[PDB]
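Encoded as structure tokens, the structure appears first; notes follow it.
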Amino acid sequence: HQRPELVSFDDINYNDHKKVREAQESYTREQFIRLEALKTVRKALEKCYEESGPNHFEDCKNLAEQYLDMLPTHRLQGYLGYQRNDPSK
Amino acid sequence: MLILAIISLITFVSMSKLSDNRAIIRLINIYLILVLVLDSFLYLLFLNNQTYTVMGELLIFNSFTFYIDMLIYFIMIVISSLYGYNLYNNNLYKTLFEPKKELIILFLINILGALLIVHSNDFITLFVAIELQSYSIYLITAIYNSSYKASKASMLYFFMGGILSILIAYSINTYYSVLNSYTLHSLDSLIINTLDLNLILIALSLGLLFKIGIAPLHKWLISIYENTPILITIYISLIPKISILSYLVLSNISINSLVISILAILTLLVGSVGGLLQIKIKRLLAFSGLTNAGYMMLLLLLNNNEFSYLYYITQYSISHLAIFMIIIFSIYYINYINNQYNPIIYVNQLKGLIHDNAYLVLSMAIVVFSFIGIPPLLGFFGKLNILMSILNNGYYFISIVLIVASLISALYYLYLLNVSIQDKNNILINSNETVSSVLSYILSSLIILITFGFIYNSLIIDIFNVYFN
Amino acid sequence: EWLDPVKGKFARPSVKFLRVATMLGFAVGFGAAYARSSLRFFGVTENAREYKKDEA
Amino acid sequence: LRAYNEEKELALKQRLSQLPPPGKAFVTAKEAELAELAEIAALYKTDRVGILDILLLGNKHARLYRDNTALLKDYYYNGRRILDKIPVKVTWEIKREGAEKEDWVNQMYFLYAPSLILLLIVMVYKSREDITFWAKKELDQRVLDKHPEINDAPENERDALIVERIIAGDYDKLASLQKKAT
Amino acid sequence: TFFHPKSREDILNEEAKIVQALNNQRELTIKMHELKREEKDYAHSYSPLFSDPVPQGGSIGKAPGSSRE
Amino acid sequence: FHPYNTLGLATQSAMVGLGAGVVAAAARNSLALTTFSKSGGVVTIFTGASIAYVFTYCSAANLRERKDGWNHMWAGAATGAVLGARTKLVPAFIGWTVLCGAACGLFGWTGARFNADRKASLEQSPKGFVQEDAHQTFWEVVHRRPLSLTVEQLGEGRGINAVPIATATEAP
Amino acid sequence: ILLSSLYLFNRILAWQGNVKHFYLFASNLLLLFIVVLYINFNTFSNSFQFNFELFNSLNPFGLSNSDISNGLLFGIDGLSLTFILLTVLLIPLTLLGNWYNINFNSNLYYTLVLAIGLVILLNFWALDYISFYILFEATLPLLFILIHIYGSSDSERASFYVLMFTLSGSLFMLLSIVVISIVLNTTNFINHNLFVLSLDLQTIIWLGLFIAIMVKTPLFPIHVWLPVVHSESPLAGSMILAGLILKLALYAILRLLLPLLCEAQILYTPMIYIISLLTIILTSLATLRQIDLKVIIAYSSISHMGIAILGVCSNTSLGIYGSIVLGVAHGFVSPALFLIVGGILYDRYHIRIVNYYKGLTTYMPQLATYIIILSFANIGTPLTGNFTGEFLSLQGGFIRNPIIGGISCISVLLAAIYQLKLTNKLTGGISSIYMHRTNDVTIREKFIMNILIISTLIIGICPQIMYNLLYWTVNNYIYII
Ligand SMILES: CCCCCCCCCCC(CCCCCCCCCC)(CO[C@H]1O[C@@H](CO)[C@H](O[C@@H]2O[C@@H](CO)[C@H](O)[C@@H](O)[C@@H]2O)[C@@H](O)[C@@H]1O)CO[C@H]1O[C@@H](CO)[C@H](O[C@@H]2O[C@@H](CO)[C@H](O)[C@@H](O)[C@@H]2O)[C@@H](O)[C@H]1O
Ligand SMILES: CCCCC/C=C/C/C=C\CCCCCCCC(=O)O[C@H](COC(=O)CCCCCCCCCCCCCCC)COP(=O)([O-])OCC[N+](C)(C)C
Ligand SMILES: CCCCCCCCCCCCCCCCCC(=O)OC[C@H](COP(=O)(O)OCCN)OC(=O)CCCCCCCCCCCCCCCCC
């Protein structure tokens with residue numbers, strides 16, 4: 001199981017392509033991890049609902065609210081937006 | 001070498017009989033080849049873009065003019081081969097293509113005139129070389145005096161060339177009257193800022209450019225090209241264009257000229273649009289030449305045009321020679337010879353050529369798609385370099401017009417291939433006759449250059465960076 | 001002449017043309033050789049021998 | 001494999017010469033000439049040269065064989081089409097059930113189809129190193145790394161524990177990669 | 001067992017080398033473009049020997065005082 | 001933007017067009033009092049094209065208080081309307097109008113010049129990668145642009161936000 | 001090797017006389033070679049892998065290991081690998097579909113076909129703008145010649161259309177490529193997202209690139225050349241053109257446009273959505289009143305490409321994945337329909353007018369089954385890759401713009417209308433009086449159609465099997481801050 005070392009666009013000189021590729025890949029992989037977190041949430045919600053039936057509302061309120069919260073933020077967003085813009089300035 | 005050749009050739013052609021014409025021309029063909037190969041090493045003089053003024057500041061020698069010179073020799077070699085060798089050994093072709101007695105001397109003298117135009121550093125040398133080329137080319141037009149059209153052509157050419165020469169001499173003398181000088185080298189940025197030479201320099205440029213037939217003064221040249229013998233047209237349509245354009249590129253006297261901009265636009269439009277309704281082969285090719293002269297005129301509006309211009313002129317010379325040679329070869333398969341000076345005249349006379357000679361049509365396709373500019377043929381890279389230059393210098397509207405003109409001219413370029421890949425009822429069954437080995441090899445060499453030149457692009461640019469920087 | 005005979009049938013070129021040929025070929029050769037030597041003089045090709053001989 | 005024999009072609013050529021053109025060779029639809037057409041057409045499927053001779057021999061034999069095979073092709077297929085009879089067995093029988101192999105089938109069936117099968121297999125098995133599996137493993141390893149005591153819990157309790165920890169905390173590193181943001 | 005891809009690090013190294021060659025070409029390209037627009041010496045651009053731009057006119061009626069620097 | 005004097009410029013254009021049509025008529029005569037009889041209305045062609053183009057161009061430029069290709073588009077539309085009225089057919093009139101307007105709008109977009117504006121061209125402009133924190137000019141390139149410039153030019157929404165999402169949604 | 005293989009080619013030509021067996025063998029070897037490459041392709045990396053360079057100055061005729069790179073660049077990532085696999089799948093079928101109906105100058109015909117296939121395959125390997133453009137135009141001479149010599153009655157006009165329209169678009173593409181070259185002095189695809197042009201310059205370059213995309217995809221309103229060129233092309237030309245050359249456009253968006261002109265693309269996206277909704281609705285409606293078989297099949301492709309475009313500019317991972325899957329599924333299905341209409345029906349009856357055809361089920365039940373299956377696949381039945389592509393593309397489009405995507409959901413209905421209206425008349429009714437009974441579909445035709453059907457079904461039931469090559473790509477191009 002590979003765990004490549006994380007790199008950020010902010011530190012690097014964009015003229016070393018190896019580092020830039022590593023930054024792009026690291027950003028993508030973190031997005032995918034965030035997706036896995038969202039899916040874990042959703043699977044827990046499904047199990048909660050299926051076992052709680054009529055009182056699933058009270059039993060699963062926390063999971064439902066959290067899943068609805070992480071939906072707009074835990075998708076893919078791609079690295080071009082952040083490498084091509086520096087948020088400081 | 002060229003002067004020595006001219007002198008010797010005058011002596012021999014005086015003392016030789018009319019049957020020795022082709023042997024003499026073969027002799028000069030080989031002599032020019034020998035000079036090209038043995039004296040090529042003089043390129044080394046031009047390392048680091050070293051410029052030399054020679055003959056008391058009358059002639060200028062740099063890498064650019066050396067290259068133009070070599071190109072002109074290559075063209076002369078190819079053109080002289082067409083006269084020095086018979087396509088076929090039958091009676092018909094002895095009648096069709098026989099070299100006149102003095103033709104070779106006229107060819108060499110016109111070449112000398114062109115080389116002196118290229119190298120000219122002073123206006124007196126420019127004018128003398130222009131007049132030398134103009135006179136020799138009048139005579140080449142007129143040497144086939146059995147043709148009514150050729151004599152009419154030579155006379156019209158004499159008069160139009162005379163008027164343009166008077167415009168040129170007037171421009172030279174106005175420049176003298178304002179600056180008391182005959183050299184452009186005396187010009188500087190300070191002088192151009194201080195004085196308004198625009199009118200004089202543009203008159204000189206226009207007087208030179210109307211001699212290669214840019215719009216709106218095209219039609220007289222297209223008529224001359226139409227009415228001359230085909231092996232004469234292969235020459236007179238090419239060498240003057242090269243010499244005049246090369247001189248103008250080297251001189252750079254019309255940078256960002258509004259008048260040249262408008263005339264280059266007009267030339268593109270007329271060359272593209274006007275060639276559409278043509279039915280005669282040579283008029284189609286002359287309008288092709290007009291459009292390509294427009295493409296090269298664009299390069300007179302900017303500095304650092306050496307690479308794009310050299311690449312374009314070389315690939316254009318090769319494509320032009322090749323298309324004329326293909327039209328020449330396709331003569332053997334026509335069923336009607338129109339006359340002894342122009343055996344084939346109408347595009348439709350090629351109809352079904354693919355059934356008679358498949359690979360001749362293959363070569364035709366290759367050259368046509370070079371003209372249209374299909375990569376990776378040479379024509380594409382020529383147009384690419386030109387677009388690079390003009391967009392780097394902010395000629396946006398002219399770039400759009402160049403796009404449009406290439407599109408339009410593709411129609412009458414493909415007209416040839418279209419009729420050539422159609423079907424003819426009477427298809428060659430057999431023949432004992434063999435096309436001459438030498439001309440077929442030359443045509444093949446041109447075709448292979450057009451096809452596989454692009455593999456040397458990066459090597460060429462590397463060489464260029466050390467001889468022109 | 002071998003490649004593409006002037007009159008269909010191979011024939012060796014006449015002596016007039018061959019004499020011409022030698023004359024002009026010598027002219028081209030001498031021009032080339034003069035150019036090579038002059039280029040040595042300018043210091044464009046290798047010129048150690050010529051340099052020493054000139055110094056002497 | 002070498003099977004050429006110039007003696008046989010120089011004979012086959014005039015054996016063909018006697019016959020009308022294959023276009024008109026069967027337009028009668030006597031049985032004797034149709035029989036000879038049957039045998040000569042049968043010669044088409046009797047393969048008569050292998051690789052050792054096409055590689056080694058000269059091109060005059062090549063052109064002669066090529067013409068012979070062209071005419072054999074024509075006779076075979078023209079008869080087979082305007083008779084509904086195969087040129088094997090030797091007088092024109094009707095036995096069309098089987099013994100028919102087109103030329104494309106060997107190449108296609110024995111190379112192209114195995115190639116597509118191989119492509120499908122490779123895609124199915126390359127689908128295993130998917131980023132979803134990698135990220136599930138990475139998330140599990142991040143939980144185990146930060147919190148190694150669930151390494152003491154029994155197997156069935158583990159996965160529920162990892163899920164608990166994932167739900168509670170943001171084990172990702174994305175914000176850590178976004179250092180200029182804060 | 002039949003999958004033998006190249007290592008990830010080797011792929012990154014090879015692509016980085018290619019990109020480095022590409023950037024070298026970009027720099028040489030911009031360099032040549034700048035050098036072509038710089039101005040050469042009179043000897044290199046006009047005449048190596050006889051490198052004096054200053055003329056000397058005619059020599060018949062050479063008048064004392066006509067010379068001006 | 002300070003106004004074009006529409007009336008005056010149009011009057012000078014009327015004069016120029018009349019003279020040009022006169023020259024074309026004289027030529028036409030020489031190449032073929034009858035010169036205007038056998039003119040083909042070329043004097044009217046020139047005069048009408050001149051007045052239409054200049055008047056519409058100045059009018060549009062003054063009304064919009066801008067100078068750009070759109071004014072040339074309108075002026076080409078007017079010129080095409082004039083030239084296509086000669087056909088006396090509605091489809092041809094509309095075609096001349098729209099196509100001449102399009103061609104002249106393209107011309108005005110590229111700079112309304114046949115030669116080049118040398119100072120603005122790439123060869124005469126600052127190019128290449130910019131220095132430390134300088135403002136981007138038209139021909140220059142960077143490795144990263146300022147996010148505020150993105151938000152102002154492109155506009156908020158559709159995934160364009162002032163702050164990266166993950167940063168903004170971080171818990172403490 | 002090359003010398004020996006050339007000797008083999010020459011000898012096979014001299015003895016057999018028809019190159020076509022050699023070409024079939026060659027193309028199958030190429031397919032096997034690409035599969036070997038896929039085996040050895042690392043998917044846990046977003047870097048180009050099988051790199052090589054040609055025409056470098058230090059080695060014009062070989063590969064370059066120099067420290068200066070002035071030649072043409074080639075290499076592949078997952079996105080290129082997908083389309084390359086599609087290409088090598090399609091080429092042998094293109095050779096095979098004309099195995100018997102070409103009886104004159106056949107060697108030249110097969111040479112042109114194989115050359116076009118190889119040109120497209122190489123085009124997918126290109127890694128910089130100039131080589132991409134070179135191989136992007138190199139097909140036009142071959143297509144022109146092929147259509148002119150081996151086309152149907154109206155083939156001259158077809159050839160002139162296919163050359164002229166594509167040149168017209170390609171030259172504006174050339175303007176954009178020249179601007180990029182002179183502004184950046186680089187052309188590569190490896191690091192071209194690192195260069196951030198000024199917004200105005202991006203907006204200008206985007207125009208030339210997108211004009212090329214409009215002509216090549218095609219999109220409304222400049223789509224009128226495609227139905228012609230298809231109807232008068234021979235079968236190989238039509239199959240190649242429908243199955244690969246159109247996907248070259250989608251690959252062009254993803255490779256040339258999105259990484260470089262991100263902000264300008266964000267600015268221009270609603271214009272793209274206008275043009276795509278136009279092409280979908282209007283071409284789907286115009287298909288209803290056509291009377292030629294091949295013309296109708298040609299009109300179907302334009303609408304499916306419109307849905308593909310709506311997917312690919314959606315700025316969402318789902319939209320891009322849907323566009324790719326739809327491209328692949330279309331490359332499977334459309335060649336099959338073209339096979340039917342222009343190789344089975346056209347080779348049996350030599351006519352394409354719809355009025356002549358009716359009730360083909362009675363004599364040719366197998367052909368009727370194939371028509372039904374292929375038509376329900378073309379209109380987007382689930383468990384077919386076409387449905388997955390259209391569904392994901394529509395999801396992305398609806399997210400990017402809810403109104404426009406919601407309206408675009410009418411494509412399902414419109415596609416059903418034209419396709420089923422065709423197949424209704426073709427399959428049923430009483431057998432036509434104008435035509436006579438002919439053979440049913442043969443073993444070769446059935447083989448080709450089975451290949452295409454199983455491919456589209458396989459990716460339709462489990463579209464995930466493509467993800468291992470595309471999971472980097474679905475993030476490499478979306479622009480979210
Ligand atoms: C694929 C379809 C092709 C069709 C579209 C092509 C048309 C190109 C139009 C775009 C463009 C050339 C761009 C070329 C880029 C590559 C070319 C593309 C391929 C070429 C085929 C022509 O811009 C023209 O637009 C016309 C209006 O339409 C104007 O018309 C005229 O308006 C009136 C005169 O003032 C008259 O009344 C009349 O004379 C006309 O009315 C012209 O003056 C103007 O030059 C813009 O170029 C210029 O833009 C400006 C600011 O942008 C740049 O300077 C900037 O200065 C600061 C702000 O200024 C910025 O702070 C700074 O950052 C930046 O330094 C310049 O450096 C320059 O670059
Ligand atoms: C044994 C001696 C034989 C030499 C005879 C030469 C004859 C010239 C005849 C016709 C011109 C034809 C093509 C010229 C090639 C340019 C050389 C050069 O590199 O161009 C550069 C300058 O690049 C330029 O501006 C652009 C040139 C545009 C070329 C357009 C065509 C490109 C494709 C041609 C591919 C070459 C074919 C090779 C096949 C194996 C000048 O080089 P240079 O001045 O240092 O002289 C070279 C050293 N030399 C004298 C010993 C030979
Ligand atoms: C006419 C149109 C314009 C023409 C412009 C371009 C013309 C190019 C002519 C075709 C030549 C390209 C194909 C051969 C080049 C690749 C040869 C090679 O060796 O691959 C290099 C690459 C790296 O190999 P290496 O670094 O040496 O390490 C080996 C480790 N054992 O090893 C690899 O990774 C394998 C690479 C596989 C490449 C697949 C190519 C697909 C098609 C192959 C034939 C295409 C011929 C096209 C003909 C029509 C013209 C386009």
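If you're wondering about the labels, chains in the structure tokens are A, B, ... by order shown, residues count from 1 in each chain, ligands from 1 in order shown.
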
Please return as a compact mmCIF listing (two decimals) with N, CA and C atoms, in the first residue's frame the residues found within 8 Å of ligand 2, counting only C-alpha atoms and all ligand atoms.
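Output (pocket-v4.txt):
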```
# COMPACT_ATOMS: atom_id res chain seq x y z
N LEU B 36 27.96 24.17 -57.70
CA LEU B 36 27.14 24.13 -56.50
C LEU B 36 27.76 23.22 -55.45
N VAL B 37 28.29 22.08 -55.87
CA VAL B 37 28.84 21.13 -54.90
C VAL B 37 30.27 21.48 -54.45
N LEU B 38 31.12 21.98 -55.35
CA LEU B 38 32.51 22.23 -54.99
C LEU B 38 32.72 23.55 -54.27
N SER B 40 30.35 25.13 -52.40
CA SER B 40 29.37 25.34 -51.34
C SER B 40 30.04 25.73 -50.03
N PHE B 41 31.28 25.29 -49.80
CA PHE B 41 31.91 25.48 -48.50
C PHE B 41 32.12 26.94 -48.15
N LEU B 42 31.95 27.86 -49.10
CA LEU B 42 32.08 29.27 -48.80
C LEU B 42 31.02 29.76 -47.83
N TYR B 43 30.09 28.90 -47.42
CA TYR B 43 29.13 29.29 -46.40
C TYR B 43 29.84 29.65 -45.10
N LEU B 44 30.89 29.01 -44.91
CA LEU B 44 31.61 29.20 -43.65
C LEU B 44 31.99 30.65 -43.40
N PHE B 46 30.13 33.17 -43.55
CA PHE B 46 28.99 33.85 -42.94
C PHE B 46 28.71 33.45 -41.50
N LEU B 47 29.58 32.69 -40.84
CA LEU B 47 29.40 32.31 -39.42
C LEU B 47 29.22 33.50 -38.47
N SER B 63 24.87 35.72 -45.17
CA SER B 63 24.30 34.38 -45.27
C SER B 63 23.03 34.38 -46.11
N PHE B 64 22.20 35.41 -45.96
CA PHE B 64 20.93 35.48 -46.68
C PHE B 64 21.14 35.43 -48.19
N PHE B 66 23.82 34.50 -49.81
CA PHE B 66 24.43 33.23 -50.18
C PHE B 66 23.37 32.15 -50.37
N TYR B 67 22.40 32.09 -49.46
CA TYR B 67 21.34 31.10 -49.60
C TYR B 67 20.49 31.37 -50.84
N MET B 70 22.39 30.11 -53.83
CA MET B 70 22.36 28.66 -54.00
C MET B 70 21.01 28.20 -54.53
N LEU B 71 19.94 28.78 -53.99
CA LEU B 71 18.61 28.43 -54.45
C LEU B 71 18.44 28.73 -55.93
N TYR B 73 20.77 28.81 -58.16
CA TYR B 73 21.50 27.81 -58.95
C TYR B 73 20.73 26.50 -59.04
N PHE B 74 20.13 26.07 -57.94
CA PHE B 74 19.36 24.84 -57.98
C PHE B 74 18.21 24.96 -58.98
N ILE B 75 17.53 26.10 -58.97
CA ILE B 75 16.44 26.32 -59.92
C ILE B 75 16.96 26.29 -61.35
N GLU B 306 13.73 36.89 -41.91
CA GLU B 306 14.64 36.11 -42.74
C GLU B 306 14.25 34.64 -42.76
N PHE B 307 13.99 34.05 -41.60
CA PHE B 307 13.69 32.62 -41.56
C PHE B 307 12.40 32.31 -42.30
N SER B 308 11.33 33.03 -41.98
CA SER B 308 10.05 32.74 -42.59
C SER B 308 10.14 32.92 -44.10
N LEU B 310 12.86 32.78 -46.10
CA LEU B 310 13.69 31.78 -46.76
C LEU B 310 12.97 30.45 -46.85
N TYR B 311 12.36 30.01 -45.76
CA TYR B 311 11.62 28.76 -45.78
C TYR B 311 10.51 28.82 -46.82
N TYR B 312 9.76 29.92 -46.85
CA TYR B 312 8.64 30.01 -47.76
C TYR B 312 9.11 30.02 -49.21
N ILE B 313 10.15 30.79 -49.51
CA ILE B 313 10.59 30.88 -50.89
C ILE B 313 11.15 29.55 -51.36
N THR B 314 11.85 28.83 -50.48
CA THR B 314 12.40 27.54 -50.90
C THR B 314 11.29 26.54 -51.19
N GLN B 315 10.36 26.39 -50.25
CA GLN B 315 9.30 25.42 -50.48
C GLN B 315 8.44 25.83 -51.66
N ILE B 318 10.26 24.85 -54.89
CA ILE B 318 10.19 23.41 -55.13
C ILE B 318 8.80 23.02 -55.62
N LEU B 378 5.65 20.54 -46.78
CA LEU B 378 6.40 21.79 -46.59
C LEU B 378 5.48 23.01 -46.58
N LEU B 449 11.26 15.66 -51.47
CA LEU B 449 11.55 16.82 -50.64
C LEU B 449 10.28 17.40 -50.04
N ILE B 450 9.27 17.63 -50.87
CA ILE B 450 8.02 18.19 -50.36
C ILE B 450 7.43 17.28 -49.29
N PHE B 452 8.94 14.74 -47.29
CA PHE B 452 9.72 14.43 -46.10
C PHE B 452 10.71 15.52 -45.72
N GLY B 453 10.45 16.78 -46.06
CA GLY B 453 11.33 17.83 -45.59
C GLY B 453 11.18 18.12 -44.11
N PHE B 454 9.98 17.92 -43.57
CA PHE B 454 9.67 18.33 -42.21
C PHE B 454 10.51 17.61 -41.16
N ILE B 455 11.09 16.46 -41.49
CA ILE B 455 11.91 15.74 -40.53
C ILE B 455 13.18 16.51 -40.21
N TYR B 456 13.56 17.44 -41.07
CA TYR B 456 14.77 18.24 -40.88
C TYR B 456 14.48 19.63 -40.34
N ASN B 457 13.26 19.89 -39.87
CA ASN B 457 12.90 21.24 -39.47
C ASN B 457 13.75 21.72 -38.30
N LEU B 459 16.68 20.58 -37.25
CA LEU B 459 18.06 20.74 -37.68
C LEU B 459 18.23 22.04 -38.44
N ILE B 460 17.27 22.37 -39.31
CA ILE B 460 17.35 23.60 -40.08
C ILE B 460 17.33 24.81 -39.17
N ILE B 461 16.45 24.81 -38.17
CA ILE B 461 16.38 25.97 -37.29
C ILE B 461 17.65 26.09 -36.46
N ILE B 463 20.71 25.23 -37.50
CA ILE B 463 21.69 25.84 -38.40
C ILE B 463 21.42 27.32 -38.56
N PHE B 464 20.15 27.66 -38.76
CA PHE B 464 19.76 29.04 -38.99
C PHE B 464 20.18 29.91 -37.82
N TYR B 467 23.83 30.82 -38.31
CA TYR B 467 24.26 31.60 -39.47
C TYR B 467 23.54 32.92 -39.64
N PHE B 468 22.39 33.11 -39.01
CA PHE B 468 21.64 34.34 -39.17
C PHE B 468 21.46 35.09 -37.86
```

| task | Compute the chain G side of the contact with chain F at 6 Å, counting only C-alpha atoms, and hand it back as a ChimeraX atom specification. | result | /G:194-198,480-481

Which residues, written as a short mmCIF file (atom, residue, chain, number, x, y, z; two decimals) with C-alpha atoms, in the first residue's frame, have at least one atom at most 10 Å from residue 30 (chain B), with only C-alpha atoms counted and residues fewer than 3 positions away on the same chain left out?
```cif
data_model
loop_
_atom_site.label_atom_id
_atom_site.label_comp_id
_atom_site.auth_asym_id
_atom_site.auth_seq_id
_atom_site.Cartn_x
_atom_site.Cartn_y
_atom_site.Cartn_z
CA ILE B 25 22.82 22.59 -72.34
CA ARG B 26 23.77 19.29 -70.71
CA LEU B 27 27.32 20.62 -70.45
CA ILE B 33 26.06 21.17 -60.52
CA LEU B 34 29.83 21.04 -60.12
CA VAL B 35 29.98 24.65 -58.96
CA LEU B 36 27.14 24.13 -56.50
CA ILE B 77 19.90 23.34 -62.85
CA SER B 80 18.08 23.58 -67.81
CA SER B 81 17.51 19.85 -67.45
CA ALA C 21 34.51 19.84 -70.59
CA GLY C 25 36.21 21.73 -65.25
#
```

| task | Could you give me, as an NGL selection string, every polymer residue with an atom at most 6 Å away from an atom of ligand 1, counting only C-alpha atoms and all ligand atoms? | result | (:B and (396-397 or 399-400)) or (:F and (67-69 or 108-112 or 120 or 136-138)) or (:G and (175 or 179 or 201 or 204 or 207-208))

Those residues you just picked out, can you put them in a file as a JSON list (two decimals), in the first residue's frame with C-alpha atoms?
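Saved file again-v8.json follows:
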```json
[["chain", "number", "residue", "atom", "x", "y", "z"],
["B", 396, "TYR", "CA", -4.48, 40.63, -36.91],
["B", 397, "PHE", "CA", -6.82, 41.54, -39.74],
["B", 399, "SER", "CA", -3.96, 37.13, -40.62],
["B", 400, "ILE", "CA", -7.73, 36.67, -40.85],
["F", 67, "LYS", "CA", -14.86, 53.74, -29.86],
["F", 68, "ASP", "CA", -14.62, 50.07, -30.82],
["F", 69, "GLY", "CA", -15.54, 47.62, -33.57],
["F", 108, "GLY", "CA", -13.16, 47.12, -36.51],
["F", 109, "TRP", "CA", -12.62, 44.33, -34.00],
["F", 110, "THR", "CA", -9.08, 43.65, -35.24],
["F", 111, "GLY", "CA", -8.22, 47.33, -34.85],
["F", 112, "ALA", "CA", -9.94, 49.06, -37.78],
["F", 120, "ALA", "CA", 0.64, 47.55, -28.98],
["F", 136, "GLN", "CA", -0.51, 41.53, -15.51],
["F", 137, "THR", "CA", -0.38, 43.22, -18.86],
["F", 138, "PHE", "CA", -2.00, 41.82, -21.96],
["G", 175, "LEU", "CA", -4.42, 30.95, -35.57],
["G", 179, "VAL", "CA", -0.79, 32.75, -30.85],
["G", 201, "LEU", "CA", -5.77, 36.83, -24.33],
["G", 204, "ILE", "CA", -9.24, 35.60, -27.80],
["G", 207, "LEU", "CA", -12.39, 31.66, -30.14],
["G", 208, "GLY", "CA", -10.12, 30.01, -32.67]]
```

| task | Can you check which residues of chain E have any atom within 10 Å of chain A? Use only C-alpha atoms and format it as a PyMOL selection string. | result | chain E and resi 8-9+11-20+23

Can I get the selection written as an mmCIF file, in the first residue's frame, with N, CA and C atoms?
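Saved the output as selection36.cif:
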```cif
data_model
loop_
_atom_site.group_PDB
_atom_site.id
_atom_site.type_symbol
_atom_site.label_atom_id
_atom_site.label_comp_id
_atom_site.auth_asym_id
_atom_site.auth_seq_id
_atom_site.Cartn_x
_atom_site.Cartn_y
_atom_site.Cartn_z
ATOM 1 N N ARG E 8 6.318 4.255 -9.908
ATOM 2 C CA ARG E 8 5.789 5.615 -9.955
ATOM 3 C C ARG E 8 6.912 6.645 -9.925
ATOM 4 N N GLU E 9 7.913 6.425 -9.074
ATOM 5 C CA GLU E 9 9.022 7.364 -8.981
ATOM 6 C C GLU E 9 9.765 7.471 -10.304
ATOM 7 N N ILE E 11 8.537 7.003 -13.317
ATOM 8 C CA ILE E 11 7.705 7.775 -14.234
ATOM 9 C C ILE E 11 7.837 9.262 -13.953
ATOM 10 N N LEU E 12 7.757 9.647 -12.676
ATOM 11 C CA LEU E 12 7.885 11.059 -12.340
ATOM 12 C C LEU E 12 9.244 11.604 -12.746
ATOM 13 N N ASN E 13 10.310 10.848 -12.484
ATOM 14 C CA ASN E 13 11.645 11.306 -12.844
ATOM 15 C C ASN E 13 11.771 11.491 -14.346
ATOM 16 N N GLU E 14 11.256 10.540 -15.118
ATOM 17 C CA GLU E 14 11.393 10.638 -16.563
ATOM 18 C C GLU E 14 10.609 11.823 -17.109
ATOM 19 N N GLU E 15 9.378 12.019 -16.633
ATOM 20 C CA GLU E 15 8.615 13.175 -17.093
ATOM 21 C C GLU E 15 9.264 14.481 -16.668
ATOM 22 N N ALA E 16 9.856 14.522 -15.476
ATOM 23 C CA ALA E 16 10.540 15.737 -15.054
ATOM 24 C C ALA E 16 11.734 16.030 -15.948
ATOM 25 N N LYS E 17 12.467 14.996 -16.357
ATOM 26 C CA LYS E 17 13.570 15.222 -17.286
ATOM 27 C C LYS E 17 13.067 15.763 -18.620
ATOM 28 N N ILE E 18 11.977 15.194 -19.138
ATOM 29 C CA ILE E 18 11.414 15.695 -20.392
ATOM 30 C C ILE E 18 11.004 17.155 -20.256
ATOM 31 N N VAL E 19 10.325 17.496 -19.164
ATOM 32 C CA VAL E 19 9.892 18.875 -18.976
ATOM 33 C C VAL E 19 11.091 19.796 -18.832
ATOM 34 N N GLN E 20 12.169 19.320 -18.212
ATOM 35 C CA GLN E 20 13.365 20.145 -18.100
ATOM 36 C C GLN E 20 13.960 20.434 -19.469
ATOM 37 N N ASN E 23 11.820 23.096 -21.032
ATOM 38 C CA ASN E 23 12.079 24.433 -20.505
ATOM 39 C C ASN E 23 13.412 24.973 -21.002
#
```
